[PDB]
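Q: Please find one structure pasted underneath; my questions will follow.
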Amino acid sequence: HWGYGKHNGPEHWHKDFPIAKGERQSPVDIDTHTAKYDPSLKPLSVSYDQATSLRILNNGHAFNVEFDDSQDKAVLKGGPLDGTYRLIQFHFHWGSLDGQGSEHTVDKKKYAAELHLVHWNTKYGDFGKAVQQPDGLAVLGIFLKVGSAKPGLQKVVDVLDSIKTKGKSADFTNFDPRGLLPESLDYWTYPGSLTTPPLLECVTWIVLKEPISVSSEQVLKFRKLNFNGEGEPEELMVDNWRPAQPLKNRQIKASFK
Ligand SMILES: [Zn+2]
């Protein structure tokens with residue numbers, strides 16, 4: 001099965017998922033000097049005030065904080081998007097060391113981690129239908145650098161010991177994802193894909209320019225998670241990031257000068 005090891009990592013994924021070599025794969029390097037300011041891009045609208053978190057799950061590749069997406073409660077709109085996209089889950093990608101971990105890069109710079117807030121286009125009715133469409137998902141990507149702690153991340157960090165291994169889940173209600181956002185919503189945007197198999201080319205990527213700061217202690221606790229299940233040999237959940245993929249015939253647009 002696919003993963004992030006030497007024998008099943010990103011360079012192998014194309015054998016089971018040929019779209020891995022497709023025309024709009026993610027992540028990508030964001031060349032800040034080549035990204036063009038697009039004055040027709042609108043400000044992002046992130047409306048998370050009624051968000052209903054439910055559960056946190058170790059799925060063997062990351063941990064997902066899942067939300068109730070059966071109603072328009074936490075939605076992303078505006079920016080490059082047409083229509084309304086409902087928050088379904090967030091997760092992170094991170095490194096074994098502070099010098100790597102992000103999926104997107106900025107002028108080849110790798111951040112310590114990257115948060116993905118995953119939303120699906122309500123015009124397709126559910127997430128499974130949305131991923132079959134070129135405009136089915138909108139993922140808000142936020143870089144993490146190591147410095148001061150992020151207070152709004154700590155509730156996530158403190159439950160991780162209860163979902164150490166693949167397949168474990170825990171109740172995770174009343175979590176407010178507004179506490180994970182930076183001050184500015186300036187962003188880059190481009191058409192791309194899921195960054196894990198099945199690598200479907202269904203994502204409008206919206207990557208915020210401003211990173212959030214998290215503490216060394218916070219990210220160290222991410223790195224104590226396991227890819228393996230309980231009672232299997234321990235393999236630390238680290239370096240669960242796909243490297244940058246060819247940009248091909250795409251333009252990255254900036255919302256800001
Ligand atoms: Zn992701």
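Going through the structure tokens in order, the chains are called A, B, and so on, while each chain numbers its residues from 1 and the ligands are numbered from 1 in the order shown.
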Can you pull out the residues contacting residue A:20? Cut-off 9 Å, using only C-alpha atoms, and skip same-chain residues under 6 positions away; I want them as an NGL selection string.

A: :A and (10 or 13-14 or 197-200)

Q: As a CSV table (one decimal) with C-alpha atoms, in the first residue's frame, please: every protein or nucleic acid residue near ligand 1 (cut-off 12 Å, counting only C-alpha atoms and all ligand atoms).

A:
chain,number,residue,atom,x,y,z
A,26,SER,CA,0.2,19.2,-6.3
A,27,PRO,CA,2.1,20.5,-4.4
A,61,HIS,CA,-0.9,9.0,6.9
A,62,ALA,CA,-1.8,12.1,9.0
A,63,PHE,CA,-4.4,13.0,11.6
A,64,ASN,CA,-7.7,14.5,10.4
A,65,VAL,CA,-9.9,16.7,12.5
A,89,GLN,CA,-11.6,18.2,7.7
A,90,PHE,CA,-8.2,19.6,8.3
A,91,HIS,CA,-4.8,17.9,8.7
A,92,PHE,CA,-1.1,18.7,8.5
A,93,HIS,CA,2.0,17.5,6.8
A,94,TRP,CA,5.3,17.7,8.7
A,101,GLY,CA,7.7,19.2,6.2
A,102,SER,CA,5.7,21.4,4.0
A,103,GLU,CA,4.3,20.3,0.6
A,104,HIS,CA,4.2,23.6,-1.1
A,113,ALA,CA,4.8,21.9,8.4
A,114,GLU,CA,1.7,22.7,6.3
A,115,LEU,CA,-2.0,22.8,7.4
A,116,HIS,CA,-4.6,21.8,4.9
A,117,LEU,CA,-8.2,22.9,5.5
A,118,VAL,CA,-10.2,20.8,3.1
A,119,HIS,CA,-13.6,22.1,1.7
A,138,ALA,CA,-10.9,24.1,-2.3
A,139,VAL,CA,-7.9,23.5,0.0
A,140,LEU,CA,-6.7,26.4,2.2
A,141,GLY,CA,-3.0,25.8,2.8
A,142,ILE,CA,-1.2,27.5,5.7
A,143,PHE,CA,2.5,27.2,6.4
A,193,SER,CA,-4.7,18.0,-7.0
A,194,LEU,CA,-4.9,16.0,-3.9
A,195,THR,CA,-1.4,15.4,-2.5
A,196,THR,CA,-2.1,11.8,-1.5
A,197,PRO,CA,-3.5,9.0,-3.6
A,199,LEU,CA,-4.2,12.3,-6.5
A,203,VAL,CA,-8.5,21.1,-6.1
A,205,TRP,CA,-5.4,25.5,-4.1
A,207,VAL,CA,-2.1,29.0,-0.1
A,240,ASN,CA,4.4,12.7,5.4
A,241,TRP,CA,4.8,15.2,2.7
A,242,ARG,CA,4.8,14.9,-1.1
A,243,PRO,CA,7.6,17.0,-2.8

Q: Show me, as an MDAnalysis selection string, the residues that have an atom within 10 Å of stretch 246-255 of chain A when counting only C-alpha atoms, minus same-chain residues fewer than 4 positions from it.

A: chainID A and resid 21:32 34:44 79:80 185:192 205:209

Q: Closest to residue A:212 among A:238, A:131, A:157, A:112, using only C-alpha atoms?

A: A:112

Q: So that I can check the surroundings of residue A:170, please list as a ChimeraX atom specification every protein, DNA and RNA residue that reaches within 12 Å of it, counting only C-alpha atoms and ignoring chain neighbours fewer than 6 positions away.

A: /A:53-58,63-66,156,158-164

Q: For the residues selected in the previous step, produce a file with N, CA and C atoms as a PDB file, in the first residue's frame.

A:
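In the end it all went to result.pdb:
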ATOM      1  N   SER A  53     -16.759  20.769  14.962  1.00  0.00           N
ATOM      2  CA  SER A  53     -15.814  19.669  14.900  1.00  0.00           C
ATOM      3  C   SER A  53     -16.426  18.455  15.579  1.00  0.00           C
ATOM      4  N   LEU A  54     -16.029  17.270  15.133  1.00  0.00           N
ATOM      5  CA  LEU A  54     -16.605  16.044  15.671  1.00  0.00           C
ATOM      6  C   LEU A  54     -15.591  15.082  16.246  1.00  0.00           C
ATOM      7  N   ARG A  55     -14.483  14.860  15.553  1.00  0.00           N
ATOM      8  CA  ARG A  55     -13.642  13.711  15.813  1.00  0.00           C
ATOM      9  C   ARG A  55     -12.266  14.013  15.259  1.00  0.00           C
ATOM     10  N   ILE A  56     -11.276  13.347  15.828  1.00  0.00           N
ATOM     11  CA  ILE A  56      -9.915  13.374  15.313  1.00  0.00           C
ATOM     12  C   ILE A  56      -9.490  11.930  15.075  1.00  0.00           C
ATOM     13  N   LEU A  57      -8.894  11.672  13.913  1.00  0.00           N
ATOM     14  CA  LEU A  57      -8.601  10.322  13.452  1.00  0.00           C
ATOM     15  C   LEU A  57      -7.155  10.234  12.980  1.00  0.00           C
ATOM     16  N   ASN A  58      -6.417   9.213  13.426  1.00  0.00           N
ATOM     17  CA  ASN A  58      -5.142   8.861  12.804  1.00  0.00           C
ATOM     18  C   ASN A  58      -5.473   7.888  11.680  1.00  0.00           C
ATOM     19  N   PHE A  63      -3.184  12.942  10.767  1.00  0.00           N
ATOM     20  CA  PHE A  63      -4.391  12.962  11.588  1.00  0.00           C
ATOM     21  C   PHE A  63      -5.365  13.992  11.036  1.00  0.00           C
ATOM     22  N   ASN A  64      -6.632  13.605  10.919  1.00  0.00           N
ATOM     23  CA  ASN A  64      -7.679  14.470  10.394  1.00  0.00           C
ATOM     24  C   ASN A  64      -8.601  14.887  11.530  1.00  0.00           C
ATOM     25  N   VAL A  65      -8.800  16.191  11.670  1.00  0.00           N
ATOM     26  CA  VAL A  65      -9.877  16.739  12.480  1.00  0.00           C
ATOM     27  C   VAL A  65     -11.073  16.910  11.561  1.00  0.00           C
ATOM     28  N   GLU A  66     -12.138  16.176  11.859  1.00  0.00           N
ATOM     29  CA  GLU A  66     -13.304  16.078  10.997  1.00  0.00           C
ATOM     30  C   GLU A  66     -14.405  16.972  11.527  1.00  0.00           C
ATOM     31  N   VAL A 156      -5.311  20.492  19.897  1.00  0.00           N
ATOM     32  CA  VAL A 156      -5.006  19.404  18.975  1.00  0.00           C
ATOM     33  C   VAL A 156      -3.819  18.605  19.492  1.00  0.00           C
ATOM     34  N   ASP A 158      -2.687  18.219  22.404  1.00  0.00           N
ATOM     35  CA  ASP A 158      -2.875  17.500  23.655  1.00  0.00           C
ATOM     36  C   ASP A 158      -3.724  16.250  23.534  1.00  0.00           C
ATOM     37  N   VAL A 159      -4.430  16.049  22.422  1.00  0.00           N
ATOM     38  CA  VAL A 159      -5.195  14.823  22.230  1.00  0.00           C
ATOM     39  C   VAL A 159      -4.411  13.774  21.446  1.00  0.00           C
ATOM     40  N   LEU A 160      -3.238  14.120  20.916  1.00  0.00           N
ATOM     41  CA  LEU A 160      -2.549  13.207  20.002  1.00  0.00           C
ATOM     42  C   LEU A 160      -2.112  11.915  20.676  1.00  0.00           C
ATOM     43  N   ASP A 161      -1.810  11.951  21.976  1.00  0.00           N
ATOM     44  CA  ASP A 161      -1.425  10.721  22.655  1.00  0.00           C
ATOM     45  C   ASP A 161      -2.541   9.687  22.642  1.00  0.00           C
ATOM     46  N   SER A 162      -3.797  10.112  22.466  1.00  0.00           N
ATOM     47  CA  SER A 162      -4.927   9.200  22.443  1.00  0.00           C
ATOM     48  C   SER A 162      -5.195   8.619  21.065  1.00  0.00           C
ATOM     49  N   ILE A 163      -4.507   9.100  20.022  1.00  0.00           N
ATOM     50  CA  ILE A 163      -4.658   8.561  18.674  1.00  0.00           C
ATOM     51  C   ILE A 163      -3.283   8.250  18.093  1.00  0.00           C
ATOM     52  N   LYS A 164      -2.450   7.581  18.888  1.00  0.00           N
ATOM     53  CA  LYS A 164      -1.064   7.399  18.504  1.00  0.00           C
ATOM     54  C   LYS A 164      -0.931   6.611  17.216  1.00  0.00           C
TER      55      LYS A 164
END

Q: Please return, as a PDB file with C-alpha atoms, in the first residue's frame, all residues of stretch 128-173 of chain A that DSSP assigns to alpha helix (DSSP H) on the basis of the backbone.

A:
ATOM      1  CA  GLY A 128     -17.195  11.830  -2.971  1.00  0.00           C
ATOM      2  CA  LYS A 129     -18.936  13.448  -5.932  1.00  0.00           C
ATOM      3  CA  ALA A 130     -16.918  16.650  -5.562  1.00  0.00           C
ATOM      4  CA  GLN A 154      -2.623  23.246  21.713  1.00  0.00           C
ATOM      5  CA  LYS A 155      -5.970  21.434  22.048  1.00  0.00           C
ATOM      6  CA  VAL A 156      -5.006  19.404  18.975  1.00  0.00           C
ATOM      7  CA  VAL A 157      -1.529  18.644  20.302  1.00  0.00           C
ATOM      8  CA  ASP A 158      -2.875  17.500  23.655  1.00  0.00           C
ATOM      9  CA  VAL A 159      -5.195  14.823  22.230  1.00  0.00           C
TER      10      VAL A 159
END

Q: Among stretch 50-210 of chain A, which ones does DSSP place in strand (DSSP E or B), written as an mmCIF file with N, CA, C and O atoms, in the first residue's frame?

A:
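What landed in selection.cif:
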data_model
loop_
_atom_site.group_PDB
_atom_site.id
_atom_site.type_symbol
_atom_site.label_atom_id
_atom_site.label_comp_id
_atom_site.auth_asym_id
_atom_site.auth_seq_id
_atom_site.Cartn_x
_atom_site.Cartn_y
_atom_site.Cartn_z
ATOM 1 N N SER A 53 -16.759 20.769 14.962
ATOM 2 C CA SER A 53 -15.814 19.669 14.900
ATOM 3 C C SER A 53 -16.426 18.455 15.579
ATOM 4 O O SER A 53 -17.262 18.578 16.482
ATOM 5 N N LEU A 54 -16.029 17.270 15.133
ATOM 6 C CA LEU A 54 -16.605 16.044 15.671
ATOM 7 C C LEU A 54 -15.591 15.082 16.246
ATOM 8 O O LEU A 54 -15.811 14.525 17.323
ATOM 9 N N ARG A 55 -14.483 14.860 15.553
ATOM 10 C CA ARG A 55 -13.642 13.711 15.813
ATOM 11 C C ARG A 55 -12.266 14.013 15.259
ATOM 12 O O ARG A 55 -12.113 14.810 14.336
ATOM 13 N N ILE A 56 -11.276 13.347 15.828
ATOM 14 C CA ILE A 56 -9.915 13.374 15.313
ATOM 15 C C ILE A 56 -9.490 11.930 15.075
ATOM 16 O O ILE A 56 -9.716 11.062 15.922
ATOM 17 N N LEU A 57 -8.894 11.672 13.913
ATOM 18 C CA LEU A 57 -8.601 10.322 13.452
ATOM 19 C C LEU A 57 -7.155 10.234 12.980
ATOM 20 O O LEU A 57 -6.722 11.059 12.176
ATOM 21 N N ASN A 58 -6.417 9.213 13.426
ATOM 22 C CA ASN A 58 -5.142 8.861 12.804
ATOM 23 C C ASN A 58 -5.473 7.888 11.680
ATOM 24 O O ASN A 58 -5.918 6.767 11.942
ATOM 25 N N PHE A 63 -3.184 12.942 10.767
ATOM 26 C CA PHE A 63 -4.391 12.962 11.588
ATOM 27 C C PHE A 63 -5.365 13.992 11.036
ATOM 28 O O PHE A 63 -4.965 15.107 10.687
ATOM 29 N N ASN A 64 -6.632 13.605 10.919
ATOM 30 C CA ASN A 64 -7.679 14.470 10.394
ATOM 31 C C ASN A 64 -8.601 14.887 11.530
ATOM 32 O O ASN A 64 -9.130 14.030 12.251
ATOM 33 N N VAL A 65 -8.800 16.191 11.670
ATOM 34 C CA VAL A 65 -9.877 16.739 12.480
ATOM 35 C C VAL A 65 -11.073 16.910 11.561
ATOM 36 O O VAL A 65 -11.024 17.690 10.594
ATOM 37 N N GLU A 66 -12.138 16.176 11.859
ATOM 38 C CA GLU A 66 -13.304 16.078 10.997
ATOM 39 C C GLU A 66 -14.405 16.972 11.527
ATOM 40 O O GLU A 66 -14.559 17.128 12.746
ATOM 41 N N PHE A 67 -15.195 17.515 10.604
ATOM 42 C CA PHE A 67 -16.287 18.423 10.909
ATOM 43 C C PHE A 67 -17.614 17.885 10.390
ATOM 44 O O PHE A 67 -17.666 17.102 9.437
ATOM 45 N N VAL A 75 -17.733 27.566 6.038
ATOM 46 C CA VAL A 75 -17.642 27.628 4.591
ATOM 47 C C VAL A 75 -16.562 28.592 4.142
ATOM 48 O O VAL A 75 -16.260 29.612 4.781
ATOM 49 N N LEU A 76 -16.007 28.259 2.998
ATOM 50 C CA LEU A 76 -15.044 29.082 2.302
ATOM 51 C C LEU A 76 -15.679 29.537 0.998
ATOM 52 O O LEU A 76 -16.292 28.738 0.279
ATOM 53 N N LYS A 77 -15.558 30.825 0.714
ATOM 54 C CA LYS A 77 -16.109 31.420 -0.494
ATOM 55 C C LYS A 77 -15.208 32.572 -0.911
ATOM 56 O O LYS A 77 -14.259 32.936 -0.211
ATOM 57 N N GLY A 78 -15.541 33.179 -2.051
ATOM 58 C CA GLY A 78 -14.786 34.320 -2.512
ATOM 59 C C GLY A 78 -13.426 33.878 -3.000
ATOM 60 O O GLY A 78 -13.208 32.736 -3.400
ATOM 61 N N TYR A 85 -18.052 26.422 -0.516
ATOM 62 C CA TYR A 85 -17.318 25.202 -0.226
ATOM 63 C C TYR A 85 -17.358 24.934 1.271
ATOM 64 O O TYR A 85 -17.008 25.810 2.068
ATOM 65 N N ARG A 86 -17.779 23.733 1.651
ATOM 66 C CA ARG A 86 -17.976 23.363 3.054
ATOM 67 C C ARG A 86 -16.742 22.681 3.623
ATOM 68 O O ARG A 86 -16.213 21.753 3.006
ATOM 69 N N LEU A 87 -16.329 23.103 4.818
ATOM 70 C CA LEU A 87 -15.221 22.465 5.516
ATOM 71 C C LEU A 87 -15.601 21.049 5.921
ATOM 72 O O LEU A 87 -16.610 20.841 6.611
ATOM 73 N N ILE A 88 -14.780 20.078 5.524
ATOM 74 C CA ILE A 88 -14.962 18.683 5.907
ATOM 75 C C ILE A 88 -13.907 18.206 6.900
ATOM 76 O O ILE A 88 -14.227 17.472 7.836
ATOM 77 N N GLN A 89 -12.657 18.644 6.754
ATOM 78 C CA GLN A 89 -11.621 18.205 7.671
ATOM 79 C C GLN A 89 -10.413 19.102 7.490
ATOM 80 O O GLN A 89 -10.262 19.757 6.463
ATOM 81 N N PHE A 90 -9.552 19.107 8.502
ATOM 82 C CA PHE A 90 -8.198 19.615 8.335
ATOM 83 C C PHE A 90 -7.184 18.598 8.827
ATOM 84 O O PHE A 90 -7.480 17.742 9.662
ATOM 85 N N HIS A 91 -5.965 18.717 8.300
ATOM 86 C CA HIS A 91 -4.838 17.898 8.711
ATOM 87 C C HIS A 91 -3.565 18.667 8.396
ATOM 88 O O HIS A 91 -3.594 19.727 7.779
ATOM 89 N N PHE A 92 -2.440 18.076 8.771
ATOM 90 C CA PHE A 92 -1.132 18.665 8.541
ATOM 91 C C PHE A 92 -0.223 17.662 7.847
ATOM 92 O O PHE A 92 -0.447 16.448 7.885
ATOM 93 N N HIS A 93 0.819 18.204 7.228
ATOM 94 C CA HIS A 93 1.990 17.467 6.780
ATOM 95 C C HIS A 93 3.187 18.073 7.500
ATOM 96 O O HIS A 93 3.239 19.295 7.690
ATOM 97 N N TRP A 94 4.146 17.238 7.926
ATOM 98 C CA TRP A 94 5.269 17.738 8.710
ATOM 99 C C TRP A 94 6.494 16.857 8.519
ATOM 100 O O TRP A 94 6.432 15.775 7.925
ATOM 101 N N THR A 105 6.255 24.801 -1.445
ATOM 102 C CA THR A 105 7.455 25.534 -1.078
ATOM 103 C C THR A 105 7.323 26.939 -1.648
ATOM 104 O O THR A 105 6.529 27.192 -2.564
ATOM 105 N N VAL A 106 8.106 27.861 -1.103
ATOM 106 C CA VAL A 106 8.067 29.264 -1.515
ATOM 107 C C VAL A 106 9.489 29.632 -1.906
ATOM 108 O O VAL A 106 10.375 29.698 -1.043
ATOM 109 N N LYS A 109 11.880 27.331 -0.520
ATOM 110 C CA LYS A 109 11.916 27.197 0.931
ATOM 111 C C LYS A 109 10.863 26.201 1.403
ATOM 112 O O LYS A 109 9.681 26.314 1.061
ATOM 113 N N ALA A 113 6.017 22.614 8.546
ATOM 114 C CA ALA A 113 4.776 21.874 8.375
ATOM 115 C C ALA A 113 3.823 22.713 7.533
ATOM 116 O O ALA A 113 4.085 23.875 7.226
ATOM 117 N N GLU A 114 2.718 22.089 7.148
ATOM 118 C CA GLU A 114 1.699 22.744 6.339
ATOM 119 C C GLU A 114 0.341 22.193 6.759
ATOM 120 O O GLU A 114 0.156 20.964 6.822
ATOM 121 N N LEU A 115 -0.582 23.112 7.059
ATOM 122 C CA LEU A 115 -1.962 22.819 7.409
ATOM 123 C C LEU A 115 -2.813 22.894 6.148
ATOM 124 O O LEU A 115 -2.692 23.846 5.367
ATOM 125 N N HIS A 116 -3.682 21.891 5.964
ATOM 126 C CA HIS A 116 -4.640 21.846 4.870
ATOM 127 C C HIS A 116 -6.040 21.800 5.438
ATOM 128 O O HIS A 116 -6.413 20.820 6.092
ATOM 129 N N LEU A 117 -6.809 22.857 5.169
ATOM 130 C CA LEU A 117 -8.228 22.937 5.511
ATOM 131 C C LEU A 117 -8.998 22.599 4.241
ATOM 132 O O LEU A 117 -8.927 23.340 3.259
ATOM 133 N N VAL A 118 -9.664 21.452 4.247
ATOM 134 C CA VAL A 118 -10.243 20.840 3.056
ATOM 135 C C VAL A 118 -11.726 21.168 3.000
ATOM 136 O O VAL A 118 -12.468 20.866 3.939
ATOM 137 N N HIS A 119 -12.163 21.711 1.861
ATOM 138 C CA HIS A 119 -13.552 22.092 1.659
ATOM 139 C C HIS A 119 -14.058 21.529 0.334
ATOM 140 O O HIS A 119 -13.310 21.468 -0.638
ATOM 141 N N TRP A 120 -15.345 21.186 0.265
ATOM 142 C CA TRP A 120 -15.933 20.680 -0.977
ATOM 143 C C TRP A 120 -17.070 21.567 -1.462
ATOM 144 O O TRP A 120 -17.815 22.168 -0.685
ATOM 145 N N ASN A 121 -17.178 21.630 -2.781
ATOM 146 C CA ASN A 121 -18.131 22.496 -3.464
ATOM 147 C C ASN A 121 -19.548 21.950 -3.310
ATOM 148 O O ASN A 121 -19.873 20.865 -3.795
ATOM 149 N N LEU A 137 -13.015 20.667 -5.006
ATOM 150 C CA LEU A 137 -12.465 20.998 -3.701
ATOM 151 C C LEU A 137 -11.778 22.354 -3.712
ATOM 152 O O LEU A 137 -11.260 22.808 -4.736
ATOM 153 N N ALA A 138 -11.741 22.987 -2.539
ATOM 154 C CA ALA A 138 -10.882 24.133 -2.293
ATOM 155 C C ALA A 138 -10.115 23.818 -1.032
ATOM 156 O O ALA A 138 -10.717 23.504 0.000
ATOM 157 N N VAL A 139 -8.789 23.789 -1.130
ATOM 158 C CA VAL A 139 -7.948 23.544 0.039
ATOM 159 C C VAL A 139 -7.209 24.821 0.386
ATOM 160 O O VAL A 139 -6.551 25.427 -0.468
ATOM 161 N N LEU A 140 -7.377 25.253 1.628
ATOM 162 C CA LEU A 140 -6.679 26.400 2.183
ATOM 163 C C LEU A 140 -5.431 25.861 2.858
ATOM 164 O O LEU A 140 -5.519 25.073 3.808
ATOM 165 N N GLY A 141 -4.271 26.229 2.326
ATOM 166 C CA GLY A 141 -2.999 25.761 2.835
ATOM 167 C C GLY A 141 -2.292 26.871 3.595
ATOM 168 O O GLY A 141 -2.258 28.017 3.141
ATOM 169 N N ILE A 142 -1.780 26.523 4.776
ATOM 170 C CA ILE A 142 -1.171 27.479 5.691
ATOM 171 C C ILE A 142 0.147 26.885 6.150
ATOM 172 O O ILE A 142 0.182 25.766 6.666
ATOM 173 N N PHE A 143 1.225 27.639 5.985
ATOM 174 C CA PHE A 143 2.541 27.175 6.400
ATOM 175 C C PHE A 143 2.729 27.349 7.896
ATOM 176 O O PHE A 143 2.190 28.278 8.496
ATOM 177 N N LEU A 144 3.479 26.419 8.499
ATOM 178 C CA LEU A 144 3.900 26.492 9.894
ATOM 179 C C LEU A 144 5.418 26.636 9.967
ATOM 180 O O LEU A 144 6.163 25.855 9.362
ATOM 181 N N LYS A 145 5.870 27.653 10.690
ATOM 182 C CA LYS A 145 7.267 27.822 11.060
ATOM 183 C C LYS A 145 7.397 27.657 12.563
ATOM 184 O O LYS A 145 6.436 27.834 13.315
ATOM 185 N N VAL A 146 8.583 27.270 12.992
ATOM 186 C CA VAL A 146 8.845 27.025 14.409
ATOM 187 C C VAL A 146 9.355 28.297 15.077
ATOM 188 O O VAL A 146 10.356 28.883 14.652
ATOM 189 N N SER A 169 -9.242 6.819 16.827
ATOM 190 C CA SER A 169 -9.951 8.085 16.774
ATOM 191 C C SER A 169 -10.371 8.476 18.184
ATOM 192 O O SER A 169 -10.392 7.652 19.111
ATOM 193 N N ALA A 170 -10.709 9.750 18.329
ATOM 194 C CA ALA A 170 -11.135 10.294 19.603
ATOM 195 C C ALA A 170 -12.152 11.400 19.352
ATOM 196 O O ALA A 170 -12.093 12.112 18.343
ATOM 197 N N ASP A 171 -13.106 11.533 20.270
ATOM 198 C CA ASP A 171 -14.029 12.654 20.191
ATOM 199 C C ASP A 171 -13.240 13.955 20.216
ATOM 200 O O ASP A 171 -12.231 14.081 20.918
ATOM 201 N N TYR A 187 -2.996 35.587 -0.421
ATOM 202 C CA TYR A 187 -2.831 34.207 -0.864
ATOM 203 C C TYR A 187 -2.312 34.123 -2.295
ATOM 204 O O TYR A 187 -2.396 35.075 -3.083
ATOM 205 N N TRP A 188 -1.774 32.947 -2.613
ATOM 206 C CA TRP A 188 -1.542 32.500 -3.975
ATOM 207 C C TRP A 188 -2.565 31.423 -4.317
ATOM 208 O O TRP A 188 -3.026 30.691 -3.437
ATOM 209 N N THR A 189 -2.905 31.300 -5.592
ATOM 210 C CA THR A 189 -3.885 30.297 -6.006
ATOM 211 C C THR A 189 -3.508 29.681 -7.347
ATOM 212 O O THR A 189 -2.966 30.358 -8.217
ATOM 213 N N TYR A 190 -3.782 28.389 -7.495
ATOM 214 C CA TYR A 190 -3.535 27.690 -8.746
ATOM 215 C C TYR A 190 -4.382 26.422 -8.759
ATOM 216 O O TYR A 190 -4.810 25.950 -7.697
ATOM 217 N N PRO A 191 -4.641 25.851 -9.938
ATOM 218 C CA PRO A 191 -5.402 24.593 -10.020
ATOM 219 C C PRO A 191 -4.479 23.400 -9.815
ATOM 220 O O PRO A 191 -3.447 23.288 -10.480
ATOM 221 N N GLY A 192 -4.872 22.483 -8.943
ATOM 222 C CA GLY A 192 -4.055 21.322 -8.643
ATOM 223 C C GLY A 192 -4.842 20.100 -8.238
ATOM 224 O O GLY A 192 -5.945 19.838 -8.741
ATOM 225 N N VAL A 203 -8.730 20.137 -7.189
ATOM 226 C CA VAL A 203 -8.498 21.131 -6.132
ATOM 227 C C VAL A 203 -8.190 22.510 -6.705
ATOM 228 O O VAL A 203 -7.283 22.666 -7.527
ATOM 229 N N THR A 204 -8.902 23.522 -6.208
ATOM 230 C CA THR A 204 -8.428 24.899 -6.285
ATOM 231 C C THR A 204 -7.622 25.144 -5.028
ATOM 232 O O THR A 204 -8.167 25.138 -3.927
ATOM 233 N N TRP A 205 -6.308 25.269 -5.187
ATOM 234 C CA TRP A 205 -5.406 25.536 -4.070
ATOM 235 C C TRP A 205 -5.385 27.016 -3.749
ATOM 236 O O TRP A 205 -5.266 27.853 -4.642
ATOM 237 N N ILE A 206 -5.491 27.326 -2.469
ATOM 238 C CA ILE A 206 -5.390 28.686 -1.962
ATOM 239 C C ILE A 206 -4.366 28.617 -0.833
ATOM 240 O O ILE A 206 -4.647 28.056 0.231
ATOM 241 N N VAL A 207 -3.170 29.149 -1.072
ATOM 242 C CA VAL A 207 -2.056 29.015 -0.137
ATOM 243 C C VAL A 207 -1.774 30.385 0.445
ATOM 244 O O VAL A 207 -1.449 31.310 -0.297
ATOM 245 N N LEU A 208 -1.913 30.522 1.761
ATOM 246 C CA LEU A 208 -1.700 31.804 2.409
ATOM 247 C C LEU A 208 -0.219 32.176 2.451
ATOM 248 O O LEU A 208 0.656 31.338 2.687
#
